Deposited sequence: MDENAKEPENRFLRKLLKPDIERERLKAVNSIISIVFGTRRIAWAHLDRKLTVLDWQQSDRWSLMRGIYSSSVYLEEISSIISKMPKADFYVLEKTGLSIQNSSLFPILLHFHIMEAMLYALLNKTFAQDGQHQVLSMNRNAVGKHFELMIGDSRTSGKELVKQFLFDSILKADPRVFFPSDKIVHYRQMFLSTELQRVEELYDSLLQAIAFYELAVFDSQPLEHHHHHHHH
């Protein structure tokens, strides 16, 4: 899967996976989702307190924020980060694009807790437009929102939300007018990863 997954990975190790963390980051918020092999969502969360993108880049503050965010996350066998697809030629995208790489870089260094010994990659990145073409959210060259798709999924469904599903429904009804897309994109990215990579 060279075109779908950016790091090279063996398919045999891809097939034998238990649960995956899917992480989506934006300028102001982080969201992630813990989803297992049986397509049942174990966790789905986003954080509001960010304290970054205030005009001063500082690696210590980034380290503190990513450490605090990672401390909440449960353990899994693979961490799927998004790929934004922006180009280095566009100057106006410079203040944002840098942020993504920084947030990507630490997320490779902080989450590969055993890379020093074994030398195996536990964190992967998958292309966004492939997910959009799979879910048919691509109108023209730009992906559309996924609020309708996640409302249809949660309300033989692809995702099997559990006892805890009432809390997820309360979160979904909680200020849905707010510009939150990372929470939807993490879940749909996890579903797309489980469909394209380990299935069929």
- Message: What are the C-alpha gaps when you align the coordinates back onto the deposited sequence?
- Response: 1-12, 168-173, 181, 220-232
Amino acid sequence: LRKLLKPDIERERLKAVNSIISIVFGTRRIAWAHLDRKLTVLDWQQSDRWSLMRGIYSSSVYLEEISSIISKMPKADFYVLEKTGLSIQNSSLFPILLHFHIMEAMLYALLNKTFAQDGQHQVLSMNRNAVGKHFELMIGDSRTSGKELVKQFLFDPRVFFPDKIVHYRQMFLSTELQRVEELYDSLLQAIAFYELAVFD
From here on, numbers count along this sequence of modelled residues.
- Query: Between us, would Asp156 come up missing in a third or more of the other compared entries?
  - Reply: yes
